[PDB]
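**Student:** Pasting an experimental structure with its sequence.
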Amino acid sequence: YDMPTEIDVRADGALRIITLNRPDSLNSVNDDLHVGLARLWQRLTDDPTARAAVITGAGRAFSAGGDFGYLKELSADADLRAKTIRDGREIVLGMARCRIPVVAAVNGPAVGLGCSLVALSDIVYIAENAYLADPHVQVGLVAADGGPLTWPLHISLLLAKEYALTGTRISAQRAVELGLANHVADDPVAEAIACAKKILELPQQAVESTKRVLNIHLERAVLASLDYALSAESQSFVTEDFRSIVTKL
Amino acid sequence: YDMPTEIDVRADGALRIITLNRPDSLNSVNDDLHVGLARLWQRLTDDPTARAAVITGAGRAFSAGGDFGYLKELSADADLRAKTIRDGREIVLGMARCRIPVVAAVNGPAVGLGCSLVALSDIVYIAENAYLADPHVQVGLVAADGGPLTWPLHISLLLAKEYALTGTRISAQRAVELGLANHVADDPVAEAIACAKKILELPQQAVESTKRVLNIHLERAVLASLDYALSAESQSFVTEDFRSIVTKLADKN
Amino acid sequence: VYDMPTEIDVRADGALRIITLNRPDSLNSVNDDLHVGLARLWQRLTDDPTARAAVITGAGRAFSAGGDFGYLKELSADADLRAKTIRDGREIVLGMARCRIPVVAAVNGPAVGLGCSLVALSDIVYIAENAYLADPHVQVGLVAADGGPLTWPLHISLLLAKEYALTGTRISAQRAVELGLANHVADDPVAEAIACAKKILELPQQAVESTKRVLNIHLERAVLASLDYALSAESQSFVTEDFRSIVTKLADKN
Amino acid sequence: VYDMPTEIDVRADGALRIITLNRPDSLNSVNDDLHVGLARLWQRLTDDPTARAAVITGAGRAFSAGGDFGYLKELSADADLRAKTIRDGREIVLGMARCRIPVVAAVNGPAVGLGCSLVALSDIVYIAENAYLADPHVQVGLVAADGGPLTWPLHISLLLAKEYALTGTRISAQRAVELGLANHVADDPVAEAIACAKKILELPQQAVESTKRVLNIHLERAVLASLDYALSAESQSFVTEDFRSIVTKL
Amino acid sequence: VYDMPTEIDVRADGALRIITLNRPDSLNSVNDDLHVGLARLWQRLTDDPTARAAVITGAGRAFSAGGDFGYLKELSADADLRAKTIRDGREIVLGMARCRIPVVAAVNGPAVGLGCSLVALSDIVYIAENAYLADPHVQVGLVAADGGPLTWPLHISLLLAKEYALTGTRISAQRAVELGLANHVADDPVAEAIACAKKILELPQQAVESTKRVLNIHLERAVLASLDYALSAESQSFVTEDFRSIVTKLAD
Amino acid sequence: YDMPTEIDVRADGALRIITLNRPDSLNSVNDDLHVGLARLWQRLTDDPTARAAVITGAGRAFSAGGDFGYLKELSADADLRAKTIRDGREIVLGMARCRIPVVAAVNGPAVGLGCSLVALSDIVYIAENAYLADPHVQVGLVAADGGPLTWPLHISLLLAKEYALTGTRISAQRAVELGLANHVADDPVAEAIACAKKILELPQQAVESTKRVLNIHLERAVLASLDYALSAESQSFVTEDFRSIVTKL
Ligand SMILES: [Ca+2]
Ligand SMILES: [Ca+2]
Ligand SMILES: [Ca+2]
Ligand SMILES: [Ca+2]
Ligand SMILES: [Ca+2]
Ligand SMILES: [Ca+2]
Ligand SMILES: [Ca+2]
Ligand SMILES: [Ca+2]
Ligand SMILES: [Cl-]
Ligand SMILES: [Cl-]
């Protein structure tokens, strides 16, 4: 798929396994990983030999959120900021529109973008000790990357607002209770792969159209709020509140 | 309301009891049951002597889904196909816009369309051992009849995706917890009747307009996706995948 | 500073505003003044930059018991007042949906009718152990237009919204939190809501206010689809024999 | 034919249906029976596979002069007839918006009030040289709810729709065509709309029917946004003194 | 007046209100005081039961020649004023959209930028023979977010709304009526608008006000869809070096 | 931009000239031109050095629509059909979301997909004796390319309905009278290039943000009906009506 180092795509028949691949840095999102995720979904859509994906992270985390270095660049580099905003748009719309089922295997913390990738998936398996969180607000940023943007399709709006506003950690058990996750698994990668291979035996036209039927609701909610969210996040990158916090850490 | 035998309608004052009536086939859907459902909602809306309904199934099930013979005919006959699509649309739009409250008494399995009727009701009572399921995808069909379509109004979209794609049976308890049903009942038809009867004592104009206020959301969601959904299921009927799954399922010697 | 009447006390504590529904003797029931004040408050908070967060609660044992029977009787008899209350009813919903600052509810006691709609329109909700939510509009001959059943489908299953709205069932604190109609049960909801708002106040402003906005776009889209219909239908129920007859019994206080 | 009343004549001519509003002594003003007919018709057309296209027109000199004053005074005095008429008005609008077959309008004379709404809901419109469109709801103390102004923004500037709905301006045949409220000025709108429909009849059915649905999605979204409120507000009109007073004189 | 600043005169003539932008020396260009008054007024019109129709026009030669340059210059430097002018910008748009009474514009001279937006947001528009409409936002480094181009798609072709919001080209009185941006060309548009509003005053209140809401539902939907994005972007525009450059030149 | 031969892209500073390139065939649409078109718009969005585009056709026509051999192929080939549908969607979604202003130089007939691309552009110049037309229906296909689908944003729904159903040729003068085009031109290509050039001088963030504000209204329309529309054009590739008409052509 012409991915970079930080995104390993492996082929097993009509399955694709996607592994976020910065395990030493807990899959924190740098420019390279970000651009990779922007491009990947349309590519899956356009490859007829792919019929399903699994997304997971290498090592202990799914993704711990933004890379501090990447973040500090974003607050001083306008060209980089404009590109990240385009790509950000393409991840959300890439996954919203993606042809094939995507099964998430949350092996570890999924924070920020990680947490948004999980809300944009079709079925989610999560490890007992893993959690979801979005700490955008606590760090000085509008949560635009897809988490809070998509959470009201999954949970109550009250709950969405509280977790977006305060960076609440959502445990594996709680996420399943809420419908932010489908199953707690001991081995979420394995359980994910078996659910995707199960889906691969089903009639293709039926599988692909039914995902599109449901994702229309997702796409409606995205077109309503995404341009404003991205625009506002862009303004937050240049706030003293953000610049200060992202310098300390 | 000029229903065919497979939809029994009983009046009890201002109440209508709607019983799906092919009990020996687990009330599975044939053309007559389908057509009747398509016409029924508008005729209730226009009968000012009706102000509430209960819908249930005769015998052990609420509805086991499509009659395999009906489904096989649908893969072969383009005219019948186009008809079923029109009538399917009318069931969904018909319920969405139905003037009177509709209380489901799910007496056993509500599968495929049955499960969609339950999603389009206002209040659901469900028996302890009944379940909800939509096995459209397992069988080669796009789930358009109104279940998965409207499930996201009741439940997490992630959970709607999973159940639409895997055809999981949803127990009465799991359903009540999820908000796909309202109460578990020893006698769901008795409890539905009582529920509807309380609603009949209440001021009509408040009851009717308040349903309308809440169903606008349902209508907004259906308008976004029903046409596409129906067109896709129209194509599903003609696929080799579906022909081969249904030609086995309909082969009964 | 916000030209509120007696029936809405508003208190400043730094950048926090504490809003108290203030008719304790009537269990904070809605009369015209309380309705007008609620209509005008939210824009005035948005425009006060010294304000950055708000807590809303009730004086005495109740959050709000809903409609003042005297007022409701007057509404079934006065077409001018009716048209005004519809206008102000749109402003409460629109004002809260569009309000710049996070609003945390402290449901100290029953939140009924307009009461529970103010709750459904808040951002974070703390509820007392013995408090409950209810909307008895339909039992009383009125369409539930206030913002309750109107907004409920964004928190809970539509099936459940249809039941609770058609029957007026009471939703206990434990049940509300189980359902997503509230965030937390509290021994002391006012203290807990105040601490929650004060914790938010420490967060970067532009991030908090923008994030409320992103989330409330979904709420505004839902309100815009049904609000004018809902309020127009409620207008009509004030003039029904059903309501006129029910509200005459209720407004009969010797 | 379709169990219509006398007030609505439906004629078949192969796969075409010709719908003629039928109270020419009253300029096809709308009474209850015509109104109920209009609500039932479209779903029945939709459900008749031997029907593939419609033309709609008026008997005699008018297309339709709008609201029969007898009906309207009756509507102002009886809550149950109000509730039924709102219910049916809803069905006319959704009926035509959801209708399977192409509907071609032949506007033979004035199309006023509801009649002008029938035109806006049609797919192609031929209008006689001397004919006009108007919606007089407001000047009569009624909210303009039953499809006209409600639908006009899909045809014309919102500014123009607002002015015409508030002032009840007459829109001439030429002027209708200049705005896109009508497709062609016709000497014989009945005949020209009949040939239009026969032309569409020869085209591939599935292409024709699906294309209508594609464009009417935009119509349906605009209606769904506003119809419930407009009908509710018009129900309130029937009951005001301003209306009771104006309709008494008329 | 209605607590308007001097920059907005409101005169009462029975149930009628005449709203007059009142900085003729600067051709009614938009400063901060005018902007605030425009934000506050609409809700106050809606809440005054003794008002039932309104006309809006400009003192002197122009209806309004868009932003005061001095004002736009502050907006490039003061962040608090920026956030405030964005808040009130929403209120002009949402307040006009939701306003109870019909509003009839008398475009007596050029309506530029915000002026052109107030016209788009009106119910019925009368325009002088030598007047015109324009939005030069883009030529000046600003996103056109005030409610002009935001709203133009409900009146005209999207292709045309794009041409004019991009090129900033002027729309003559005659061309505006032809497109659907104006209702009537007038010799004396103040007088034609006043007469139009008076006719409307004679009509049954409930029918007028409801019919306005029915139609404005479409404007409200179009605004909700793009306003928050639009104002956020125009906000980013104010801090751009393109705008700082352009505006510093124009105010010196 | 890795574009096929059938789509020429030329650079002139920040300008991109897009010339549809099958002149001997009146730039009629085959699979490769179709794939090129689907892939183009995101690549333009992502090339920061492109800031405006002009689209036109080589030779005497803008585009005469579907390639007959291509359409016959589509009637008989399941996979080719599903692919053309995916790409058709990207053409529409790519144009609607394209960052940069696109100016159309309609140099001759723009028929079918031709007038759909015109409909999706932001400013249009049309030559004196050119016309817009969509004959999808008369050949047996639901008019889903984006033409009729976009028209109600430009013109009365009544006229859209008529032009779509009857395949009416819309003259250059009528197109401008309705606002299906902006100007009649002696040399549409020069006037377009000059207009695009004028735009390139304007402040970029104002230009690009303003396009987005406006195209949100386009994107709302497209999202409401595109999937139904593309699914119905798929069903019509498979009708006897279409097969007969295409085969005898
Ligand atoms: Ca982010
Ligand atoms: Ca039978
Ligand atoms: Ca039979
Ligand atoms: Ca089915
Ligand atoms: Ca109320
Ligand atoms: Ca009427
Ligand atoms: Ca501006
Ligand atoms: Ca095509
Ligand atoms: Cl495989
Ligand atoms: Cl919408």
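**Tutor:** Nice, I can see it. Residues are numbered from 1 along each chain as shown, chains lettered A, B, ... in the order given. Ligands and ions are numbered 1, 2, ... in the order given.
**Student:** Please count neighbours and contacts with C-alpha atoms only from this point.
**Tutor:** Will do.
**Student:** Give me the distance from stretch A:118-138 to the chain's centre.
**Tutor:** Relative to its chain's centre, stretch A:118-138 lies at 8 Å (Cα atoms, centre = their mean, to the nearest Å).
**Student:** okay, it in PDB with CA atoms only?
**Tutor:** The C-alpha trace of stretch A:118-138 is given here as PDB (Å, rounded to 0.1, in the frame of the first residue of the first chain):
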ATOM      1  CA  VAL A 118     -11.700   2.800  17.400                       C
ATOM      2  CA  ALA A 119     -15.000   4.700  17.100                       C
ATOM      3  CA  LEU A 120     -14.600   4.600  13.300                       C
ATOM      4  CA  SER A 121     -14.300   0.800  13.200                       C
ATOM      5  CA  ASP A 122     -17.200  -1.600  12.700                       C
ATOM      6  CA  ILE A 123     -16.500  -4.100  15.500                       C
ATOM      7  CA  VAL A 124     -14.200  -3.600  18.500                       C
ATOM      8  CA  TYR A 125     -12.400  -6.200  20.700                       C
ATOM      9  CA  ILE A 126     -10.700  -4.800  23.800                       C
ATOM     10  CA  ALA A 127      -8.100  -6.300  26.300                       C
ATOM     11  CA  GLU A 128      -9.100  -6.500  30.000                       C
ATOM     12  CA  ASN A 129      -6.700  -3.900  31.200                       C
ATOM     13  CA  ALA A 130      -7.000  -1.500  28.200                       C
ATOM     14  CA  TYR A 131      -8.900   1.700  28.200                       C
ATOM     15  CA  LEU A 132     -10.200   4.400  25.900                       C
ATOM     16  CA  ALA A 133      -9.500   8.100  26.500                       C
ATOM     17  CA  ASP A 134      -9.500  11.400  24.700                       C
ATOM     18  CA  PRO A 135      -7.200  14.000  26.400                       C
ATOM     19  CA  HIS A 136      -7.400  16.700  23.700                       C
ATOM     20  CA  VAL A 137      -9.100  19.200  25.900                       C
ATOM     21  CA  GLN A 138      -6.700  18.700  28.900                       C
END
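**Student:** is that stretch up against chain B anywhere?
**Tutor:** Yes. With Cα under 8 Å from any Cα of the partner chain as the criterion, chain B is reached by stretch A:118-138 at A:119, A:121, A:122, A:123, A:124.
**Student:** Top of these by number of neighbours, please.
**Tutor:** Highest neighbour count within the residues of stretch A:118-138 next to chain B, by other Cα atoms under 10 Å in any protein chain shown: residue A:124, with 30 neighbours.
**Student:** How about the contacts made by that one?
**Tutor:** Applying Cα atoms under 8 Å, 6 or more residues apart in numbering or on different chains to residue A:124 gives the contacts A:103, A:104, A:105, A:106, A:118, A:180, A:181, A:182, A:183, A:192, B:158.
**Student:** What of residue A:137?
**Tutor:** Residues near residue A:137 by Cα under 8 Å, 6+ apart: A:143, A:164, A:165, A:166, A:167, C:203, C:204, C:207, C:208, C:211.
**Student:** swap the cut-off to 10 Å and go again
**Tutor:** A:143, A:163-167, A:236, A:242, C:200, C:203-211 (Cα atoms under 10 Å, 6 or more residues apart in numbering or on different chains).
**Student:** Can you pick out the ones from these that are in helices?
**Tutor:** Mapping those onto helices (DSSP state H) picks out A:163-166, A:236, A:242, C:200, C:205-211.
**Student:** out of those, who's nearest chain F?
**Tutor:** Chain F lies nearest to residue A:236 out of the ones in helices among the contacts of residue A:137, by Cα to the nearest Cα, at 17.1 Å.
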